[PDB]
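Participant: File input.txt follows (compact mmCIF, C-alpha atoms and all ligand atoms):
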```txt
# COMPACT_ATOMS: atom_id res chain seq x y z
CA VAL A 1 119.96 106.87 123.74
CA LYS A 2 118.88 107.04 120.02
CA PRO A 3 121.08 108.39 117.17
CA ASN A 4 119.65 111.20 115.00
CA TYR A 5 121.01 110.58 111.52
CA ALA A 6 119.88 113.23 109.06
CA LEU A 7 120.50 113.35 105.33
CA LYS A 8 123.46 115.49 104.36
CA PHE A 9 124.20 114.54 100.73
CA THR A 10 122.84 112.51 97.87
CA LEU A 11 125.56 111.46 95.47
CA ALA A 12 124.28 110.89 91.93
CA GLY A 13 126.62 109.68 89.19
CA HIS A 14 126.40 105.93 88.78
CA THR A 15 124.20 104.92 85.82
CA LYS A 16 123.32 101.48 87.18
CA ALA A 17 122.73 99.86 90.59
CA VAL A 18 125.37 100.69 93.20
CA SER A 19 126.83 97.57 94.90
CA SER A 20 129.16 98.71 97.72
CA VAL A 21 130.27 101.85 99.54
CA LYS A 22 133.40 102.04 101.75
CA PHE A 23 135.00 104.89 103.70
CA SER A 24 138.78 105.16 103.43
CA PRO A 25 140.50 104.15 106.73
CA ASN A 26 141.82 107.75 106.98
CA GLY A 27 138.22 109.00 106.90
CA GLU A 28 138.93 111.25 103.90
CA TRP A 29 137.01 109.43 101.18
CA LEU A 30 134.11 107.29 100.17
CA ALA A 31 134.53 104.76 97.38
CA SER A 32 131.54 103.28 95.56
CA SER A 33 131.26 100.46 93.04
CA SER A 34 128.43 99.78 90.60
CA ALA A 35 127.01 97.51 87.91
CA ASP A 36 128.04 100.35 85.57
CA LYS A 37 131.61 98.88 85.76
CA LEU A 38 132.91 102.02 87.54
CA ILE A 39 134.43 102.98 90.91
CA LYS A 40 133.79 106.52 92.05
CA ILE A 41 135.61 108.46 94.75
CA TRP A 42 133.81 111.03 96.89
CA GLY A 43 134.74 113.37 99.75
CA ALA A 44 133.44 111.82 102.97
CA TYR A 45 132.66 115.14 104.71
CA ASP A 46 131.56 117.38 101.82
CA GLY A 47 130.13 114.76 99.37
CA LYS A 48 132.25 116.26 96.56
CA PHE A 49 132.90 114.02 93.56
CA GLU A 50 136.62 113.37 93.19
CA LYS A 51 137.22 110.86 90.38
CA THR A 52 135.97 107.91 88.35
CA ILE A 53 138.11 104.79 88.16
CA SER A 54 137.50 102.45 85.21
CA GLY A 55 138.87 99.26 83.65
CA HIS A 56 136.62 96.38 84.63
CA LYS A 57 134.91 94.78 81.65
CA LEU A 58 131.77 93.95 83.66
CA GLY A 59 129.81 95.09 86.73
CA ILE A 60 131.61 95.46 90.09
CA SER A 61 130.17 93.85 93.31
CA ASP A 62 132.67 95.15 95.86
CA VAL A 63 135.43 97.58 96.64
CA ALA A 64 137.81 97.82 99.62
CA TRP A 65 140.64 100.10 100.77
CA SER A 66 144.20 99.30 101.89
CA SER A 67 145.07 100.39 105.45
CA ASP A 68 147.00 103.51 104.33
CA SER A 69 144.09 104.57 102.03
CA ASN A 70 146.41 104.54 98.99
CA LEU A 71 145.05 101.45 97.26
CA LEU A 72 141.67 100.05 96.30
CA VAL A 73 140.73 96.47 95.44
CA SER A 74 137.56 95.73 93.42
CA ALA A 75 135.65 92.52 92.75
CA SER A 76 133.96 92.10 89.37
CA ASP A 77 131.63 89.85 87.35
CA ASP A 78 134.49 89.77 84.80
CA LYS A 79 136.06 87.07 87.12
CA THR A 80 138.94 89.34 88.18
CA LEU A 81 139.93 91.62 90.99
CA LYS A 82 141.92 94.76 90.25
CA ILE A 83 144.26 96.70 92.51
CA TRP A 84 144.11 100.44 91.89
CA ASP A 85 146.32 103.37 92.78
CA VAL A 86 143.79 105.78 94.32
CA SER A 87 145.98 108.80 93.39
CA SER A 88 146.45 108.00 89.69
CA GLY A 89 143.24 105.97 89.21
CA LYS A 90 145.47 103.43 87.44
CA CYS A 91 145.03 99.70 87.51
CA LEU A 92 148.23 98.30 89.06
CA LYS A 93 147.39 94.58 89.13
CA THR A 94 144.71 92.33 87.74
CA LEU A 95 144.12 89.32 89.95
CA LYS A 96 143.16 86.37 87.74
CA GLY A 97 142.21 82.93 89.02
CA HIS A 98 138.52 82.81 89.87
CA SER A 99 136.38 80.72 87.48
CA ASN A 100 133.23 82.86 87.93
CA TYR A 101 131.99 86.29 89.22
CA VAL A 102 134.02 87.70 92.16
CA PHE A 103 131.56 89.06 94.74
CA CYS A 104 133.61 90.26 97.69
CA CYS A 105 137.05 91.47 98.68
CA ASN A 106 139.14 92.90 101.48
CA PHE A 107 142.69 93.87 102.37
CA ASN A 108 144.24 92.53 105.54
CA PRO A 109 145.18 95.19 108.18
CA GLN A 110 148.80 94.69 107.14
CA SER A 111 147.60 95.34 103.51
CA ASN A 112 150.05 92.84 102.11
CA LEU A 113 147.18 90.37 101.41
CA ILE A 114 143.81 90.42 99.60
CA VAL A 115 141.01 88.00 100.35
CA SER A 116 138.32 87.39 97.72
CA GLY A 117 135.10 85.36 97.51
CA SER A 118 133.42 84.16 94.34
CA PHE A 119 130.36 82.60 92.71
CA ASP A 120 132.88 79.77 92.01
CA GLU A 121 132.49 78.74 95.73
CA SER A 122 136.17 79.42 96.62
CA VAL A 123 137.98 81.99 98.70
CA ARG A 124 141.36 83.13 97.30
CA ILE A 125 144.22 84.81 99.21
CA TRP A 126 146.40 87.09 97.03
CA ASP A 127 149.76 88.75 97.49
CA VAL A 128 149.29 92.54 97.11
CA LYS A 129 152.92 93.29 95.95
CA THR A 130 152.88 90.74 93.06
CA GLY A 131 149.18 90.14 92.47
CA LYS A 132 149.87 86.38 92.59
CA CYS A 133 147.36 83.92 94.08
CA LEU A 134 148.95 82.40 97.17
CA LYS A 135 146.09 80.10 98.23
CA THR A 136 142.79 78.82 96.91
CA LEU A 137 140.52 77.65 99.74
CA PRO A 138 137.86 75.05 98.86
CA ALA A 139 135.78 77.27 101.11
CA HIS A 140 132.11 76.54 100.44
CA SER A 141 129.69 74.59 98.22
CA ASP A 142 127.72 77.60 96.88
CA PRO A 143 128.46 81.26 96.06
CA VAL A 144 130.56 83.12 98.63
CA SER A 145 128.78 86.33 99.71
CA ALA A 146 131.40 88.00 102.03
CA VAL A 147 135.07 87.73 103.12
CA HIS A 148 136.79 89.63 105.99
CA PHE A 149 139.97 89.61 107.99
CA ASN A 150 140.06 90.04 111.78
CA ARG A 151 141.91 92.94 113.45
CA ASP A 152 145.39 91.32 113.15
CA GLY A 153 144.69 89.54 109.84
CA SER A 154 145.39 86.12 111.44
CA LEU A 155 141.82 84.94 110.66
CA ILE A 156 139.42 85.08 107.72
CA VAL A 157 135.68 84.74 107.99
CA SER A 158 133.64 83.76 104.91
CA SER A 159 129.88 83.37 104.36
CA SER A 160 128.04 81.45 101.72
CA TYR A 161 124.74 80.51 100.16
CA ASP A 162 125.58 76.95 101.37
CA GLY A 163 124.25 78.11 104.78
CA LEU A 164 127.66 78.23 106.46
CA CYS A 165 130.05 80.70 108.03
CA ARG A 166 133.68 79.60 108.18
CA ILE A 167 136.68 80.90 110.07
CA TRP A 168 140.04 80.29 108.46
CA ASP A 169 143.62 80.39 109.60
CA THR A 170 145.14 82.96 107.21
CA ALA A 171 148.71 81.58 107.38
CA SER A 172 147.84 77.89 106.75
CA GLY A 173 144.45 78.20 105.02
CA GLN A 174 142.94 75.68 107.45
CA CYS A 175 139.31 75.95 108.57
CA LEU A 176 139.19 76.49 112.30
CA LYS A 177 135.41 76.76 112.77
CA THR A 178 132.23 76.11 110.76
CA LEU A 179 129.05 77.74 112.07
CA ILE A 180 125.57 76.31 111.60
CA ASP A 181 122.22 77.70 112.81
CA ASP A 182 118.52 76.86 112.52
CA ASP A 183 117.72 75.25 109.13
CA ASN A 184 120.84 76.67 107.39
CA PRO A 185 119.34 79.58 105.32
CA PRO A 186 121.83 81.29 102.89
CA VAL A 187 124.43 83.43 104.78
CA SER A 188 124.36 86.65 102.76
CA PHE A 189 126.93 88.69 104.70
CA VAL A 190 129.53 88.31 107.43
CA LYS A 191 132.22 90.46 109.12
CA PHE A 192 134.31 90.64 112.29
CA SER A 193 133.63 93.23 115.02
CA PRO A 194 136.21 96.08 115.20
CA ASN A 195 138.04 94.21 118.02
CA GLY A 196 137.79 90.82 116.25
CA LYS A 197 135.99 89.21 119.21
CA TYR A 198 132.71 88.61 117.38
CA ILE A 199 131.24 88.04 113.95
CA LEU A 200 128.05 89.65 112.60
CA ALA A 201 126.23 87.48 110.04
CA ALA A 202 123.16 88.07 107.84
CA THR A 203 120.96 85.25 106.63
CA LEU A 204 118.22 85.44 103.97
CA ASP A 205 115.49 84.90 106.59
CA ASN A 206 115.39 88.62 107.56
CA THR A 207 117.91 88.14 110.42
CA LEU A 208 121.31 89.45 111.51
CA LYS A 209 123.17 87.46 114.20
CA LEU A 210 126.05 88.36 116.51
CA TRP A 211 128.26 85.36 117.28
CA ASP A 212 130.96 84.45 119.72
CA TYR A 213 132.42 82.25 116.97
CA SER A 214 134.93 80.35 119.15
CA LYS A 215 132.24 79.45 121.73
CA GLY A 216 129.78 78.85 118.88
CA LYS A 217 127.21 80.98 120.72
CA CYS A 218 124.84 83.57 119.26
CA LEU A 219 124.79 86.55 121.62
CA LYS A 220 122.28 88.82 119.83
CA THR A 221 119.96 88.96 116.83
CA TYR A 222 118.75 92.02 114.87
CA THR A 223 115.42 91.71 113.09
CA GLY A 224 112.55 93.96 111.88
CA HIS A 225 114.12 94.72 108.51
CA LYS A 226 113.57 93.01 105.12
CA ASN A 227 116.33 90.70 103.89
CA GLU A 228 115.22 87.73 101.81
CA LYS A 229 117.01 88.13 98.45
CA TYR A 230 120.03 90.45 98.30
CA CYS A 231 123.46 90.25 99.85
CA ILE A 232 123.06 93.34 102.05
CA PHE A 233 126.09 94.77 103.80
CA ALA A 234 125.89 95.37 107.57
CA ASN A 235 128.17 97.21 110.02
CA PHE A 236 129.17 97.89 113.60
CA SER A 237 128.95 101.59 114.37
CA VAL A 238 131.33 102.46 117.22
CA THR A 239 132.16 106.18 116.92
CA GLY A 240 129.27 107.18 119.22
CA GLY A 241 126.75 104.81 120.76
CA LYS A 242 127.20 101.15 119.88
CA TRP A 243 124.88 100.40 116.96
CA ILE A 244 124.28 97.81 114.24
CA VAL A 245 123.64 99.38 110.83
CA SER A 246 122.12 97.62 107.81
CA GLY A 247 120.35 98.19 104.54
CA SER A 248 117.03 96.56 103.84
CA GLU A 249 114.85 95.52 100.95
CA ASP A 250 112.10 97.96 102.03
CA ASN A 251 114.43 100.84 100.90
CA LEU A 252 115.38 101.86 104.47
CA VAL A 253 118.58 101.88 106.51
CA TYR A 254 117.96 100.21 109.85
CA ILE A 255 119.91 101.12 113.00
CA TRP A 256 119.70 98.90 116.14
CA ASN A 257 121.02 99.33 119.66
CA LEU A 258 123.72 96.59 119.74
CA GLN A 259 123.05 95.47 123.33
CA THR A 260 119.25 95.73 123.53
CA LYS A 261 118.58 94.72 119.88
CA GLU A 262 115.93 97.47 119.60
CA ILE A 263 115.49 99.36 116.33
CA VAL A 264 116.59 102.94 117.20
CA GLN A 265 116.26 104.62 113.79
CA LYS A 266 115.06 103.92 110.28
CA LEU A 267 116.44 106.19 107.53
CA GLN A 268 113.93 107.07 104.81
CA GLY A 269 114.99 108.46 101.43
CA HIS A 270 116.22 105.70 99.11
CA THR A 271 113.96 104.50 96.28
CA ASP A 272 115.28 100.95 95.95
CA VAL A 273 116.87 98.18 98.05
CA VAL A 274 119.67 99.57 100.22
CA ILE A 275 122.28 96.91 99.49
CA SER A 276 125.27 98.63 101.09
CA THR A 277 125.91 100.75 104.16
CA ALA A 278 129.18 101.94 105.58
CA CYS A 279 130.16 103.51 108.89
CA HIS A 280 132.77 106.29 109.01
CA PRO A 281 135.92 105.35 111.05
CA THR A 282 135.98 108.50 113.26
CA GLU A 283 132.73 110.45 112.74
CA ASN A 284 129.08 109.52 113.22
CA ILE A 285 128.57 109.29 109.48
CA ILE A 286 126.73 106.59 107.48
CA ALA A 287 126.95 106.09 103.71
CA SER A 288 124.16 104.06 102.14
CA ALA A 289 123.68 102.88 98.56
CA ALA A 290 120.81 101.57 96.50
CA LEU A 291 119.87 99.38 93.54
CA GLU A 292 118.86 100.22 89.94
CA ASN A 293 115.63 102.23 90.61
CA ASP A 294 117.71 104.59 92.74
CA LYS A 295 121.43 104.32 91.84
CA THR A 296 122.40 107.03 94.36
CA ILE A 297 124.55 107.07 97.46
CA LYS A 298 123.39 108.91 100.57
CA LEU A 299 125.52 110.38 103.36
CA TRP A 300 123.96 110.79 106.80
CA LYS A 301 125.27 112.40 110.01
CA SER A 302 124.31 111.98 113.69
CA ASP A 303 125.37 113.53 117.03
CA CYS A 304 125.93 110.09 118.66
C1 LIG B 401 127.52 94.65 90.08
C2 LIG B 401 126.48 94.64 91.17
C3 LIG B 401 125.63 95.73 91.36
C4 LIG B 401 124.63 95.70 92.32
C5 LIG B 401 124.46 94.58 93.11
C6 LIG B 401 125.31 93.48 92.96
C7 LIG B 401 125.08 92.31 93.87
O1 LIG B 401 123.95 92.01 94.23
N1 LIG B 401 126.16 91.69 94.39
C8 LIG B 401 126.35 90.34 94.75
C9 LIG B 401 125.69 89.26 94.16
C10 LIG B 401 125.73 87.97 94.72
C11 LIG B 401 125.05 86.83 94.04
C12 LIG B 401 124.65 86.92 92.69
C13 LIG B 401 124.02 85.86 92.05
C14 LIG B 401 123.76 84.70 92.76
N2 LIG B 401 123.12 83.55 92.39
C15 LIG B 401 123.10 82.68 93.46
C16 LIG B 401 123.72 83.26 94.52
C17 LIG B 401 124.15 84.56 94.10
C18 LIG B 401 124.80 85.63 94.73
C19 LIG B 401 126.43 87.79 95.90
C20 LIG B 401 127.09 88.84 96.52
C21 LIG B 401 127.04 90.12 95.96
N3 LIG B 401 127.57 91.26 96.69
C22 LIG B 401 126.62 92.26 97.20
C23 LIG B 401 127.35 93.58 97.46
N4 LIG B 401 128.44 93.38 98.42
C24 LIG B 401 129.13 94.63 98.68
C25 LIG B 401 129.36 92.36 97.92
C26 LIG B 401 128.64 91.05 97.66
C27 LIG B 401 126.31 93.52 91.99
```
Is it possible to express this structure as structure tokens?
Facilitator:
Amino acid sequence: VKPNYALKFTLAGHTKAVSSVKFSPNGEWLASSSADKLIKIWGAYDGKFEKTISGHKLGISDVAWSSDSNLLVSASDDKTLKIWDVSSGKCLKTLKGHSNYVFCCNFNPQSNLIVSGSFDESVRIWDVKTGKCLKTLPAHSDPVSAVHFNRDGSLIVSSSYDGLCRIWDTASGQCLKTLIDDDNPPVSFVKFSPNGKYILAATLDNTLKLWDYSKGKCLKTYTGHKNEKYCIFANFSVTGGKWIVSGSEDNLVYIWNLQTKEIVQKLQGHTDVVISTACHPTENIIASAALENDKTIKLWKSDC
């Protein structure tokens, strides 16, 4: 039954809205990005501040870790992505090609590719080793809110303000599936399940949906939260009970039972929109992050 997430740490340091928080795949770290143009690294278990990584000329929407936890990629309003050495804090590559703000980014599981989505309505696939753009997908007809690889990196899912989710063949760059639902509200977030079998999508009508994307069938929805404006990150939590975790525009983190769709916990504490949540890879730990009235990251721990 219910999780019992309690507040363990509040991480202050960013001087503007925080955009994204991500745990390293090794479970060691949390990375955060912010409108303040900075990436900060924190200890996942002790909340200790480790380092600040700088170099972007404008605010940063997203950050993501390579599979060996040695590299970070960030997506910035400055129209670039940057690849960072976590150890030195140094910018290794600047990925240039997008014609407007880059909103979202991920490594493939192999961590030889980066996928990016932009205000410029494209999705780009980049070679990690060289930093070169390998493919530009004419992905959507409005800003791209999220990009994610499946478990083997053979597929990419993207979401957009155009009301669509798309599934892409990574190797060829061909669209394999376009999802539509209801009256096509903006799709503000999407990701694959840990196994790759499903996609979880948020739309700006206060709804998360779980999809069997190949069958084109919605299996569950998660509602009760507030999501009408911001591109709020959501997650599968699989270390204990099977939960859906999301931020919300009423300053709370919402946790649902994945199967029953019931709200099982609401986490109070933040003082602005919780735009990002992350789930720890091995421990029942949530990181959550909030917008400019708050600017803090919170770490929470549960027994299941
Ligand atoms: C630097 C910074 C700090 C705090 C918040 C944001 C932000 O809200 N991000 C953003 C904006 C838009 C965005 C901005 C302006 C727009 N006009 C029309 C559509 C549209 C979308 C789309 C996606 C995203 N994100 C959210 C965070 N996530 C981890 C990745 C994606 C950025």
Participant: If we count all atoms listed in the file, what is near range 128-142 of chain A at a cut-off of 6 Å, once residues fewer than 2 positions away on the same chain are taken out, given as a PyMOL selection string?
Facilitator: chain A and resi 93+95+112-113+121-126+161-162
Participant: Export C-alpha atoms of the chosen residues as a PDB file, keeping the file's coordinate frame?
Facilitator:
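Contents of out-v1.pdb, as written:
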```pdb
ATOM      1  CA  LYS A  93     147.390  94.580  89.130  1.00  0.00           C
ATOM      2  CA  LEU A  95     144.120  89.320  89.950  1.00  0.00           C
ATOM      3  CA  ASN A 112     150.050  92.840 102.110  1.00  0.00           C
ATOM      4  CA  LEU A 113     147.180  90.370 101.410  1.00  0.00           C
ATOM      5  CA  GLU A 121     132.490  78.740  95.730  1.00  0.00           C
ATOM      6  CA  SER A 122     136.170  79.420  96.620  1.00  0.00           C
ATOM      7  CA  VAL A 123     137.980  81.990  98.700  1.00  0.00           C
ATOM      8  CA  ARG A 124     141.360  83.130  97.300  1.00  0.00           C
ATOM      9  CA  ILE A 125     144.220  84.810  99.210  1.00  0.00           C
ATOM     10  CA  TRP A 126     146.400  87.090  97.030  1.00  0.00           C
ATOM     11  CA  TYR A 161     124.740  80.510 100.160  1.00  0.00           C
ATOM     12  CA  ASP A 162     125.580  76.950 101.370  1.00  0.00           C
TER      13      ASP A 162
END
```
Participant: Quick one, how far is CA of residue 163 in chain A from CA of residue 72 in chain A?
Facilitator: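 So the answer is 29.3 Å.
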Participant: Do you know which residues are within 8 Å of ligand LIG 401 (chain B) using all atoms listed in the file? Can you write them as an NGL selection string?
Facilitator: :A and (16-21 or 33-37 or 58-63 or 76-77 or 103-105 or 119 or 142-146 or 161 or 188-189 or 230-233 or 275-276 or 291-292)
Participant: When you count only C-alpha atoms, which of these residues is closest to residue 148 in chain A: A:190, A:120, A:181, A:228?
Facilitator: A:190
Participant: Could you jot down the CA of residue 226 in chain A to CA of residue 155 in chain A separation for me, Å, one decimal place?
Facilitator: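 Between these atoms lies a distance of 29.9 Å.
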Participant: Quick one: distance from CA of residue 73 in chain A to CA of residue 32 in chain A in Å, one decimal?
Facilitator: 11.4 Å
Participant: Neighbouring residues of residue 166 in chain A were defined as those with any atom within 7 Å, considering only C-alpha atoms; residues of the same chain fewer than 4 positions away were excluded. Please report them as a PyMOL selection string.
Facilitator: chain A and resi 157-159+175+177-179
Participant: Please identify all polymer residues within 12 Å of residue 185 in chain A, counting all atoms listed in the file, omitting same-chain residues fewer than 5 positions from it, and present them as a list in words.
Facilitator: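 After dropping sequence-adjacent residues, the list is residues 159, 160, 161, 162, 163, 164, 165, 179, 180, 201, 202, 203, 204, 205, 206, 207, 208, 227, 228 and 229 of chain A.
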Participant: For a quick check of understanding, using only C-alpha atoms, which of A:196, A:241, A:47, A:173 has the smallest distance to residue 31 in chain A?
Facilitator: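 Of all the options, A:47 lies closest to residue 31 in chain A.
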Participant: Give me the residues near residue 29 in chain A as an mmCIF file with C-alpha atoms, in the frame of the given file, where near means some atom within 7 Å (using only C-alpha atoms) and where sequence neighbours in that chain fewer than 2 positions away do not count.
Facilitator:
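Printed below is around_17.cif as written:
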```
data_model
loop_
_atom_site.group_PDB
_atom_site.id
_atom_site.type_symbol
_atom_site.label_atom_id
_atom_site.label_comp_id
_atom_site.auth_asym_id
_atom_site.auth_seq_id
_atom_site.Cartn_x
_atom_site.Cartn_y
_atom_site.Cartn_z
ATOM 1 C CA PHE A 23 135.000 104.890 103.700
ATOM 2 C CA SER A 24 138.780 105.160 103.430
ATOM 3 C CA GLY A 27 138.220 109.000 106.900
ATOM 4 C CA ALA A 31 134.530 104.760 97.380
ATOM 5 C CA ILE A 41 135.610 108.460 94.750
ATOM 6 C CA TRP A 42 133.810 111.030 96.890
ATOM 7 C CA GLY A 43 134.740 113.370 99.750
ATOM 8 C CA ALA A 44 133.440 111.820 102.970
#
```
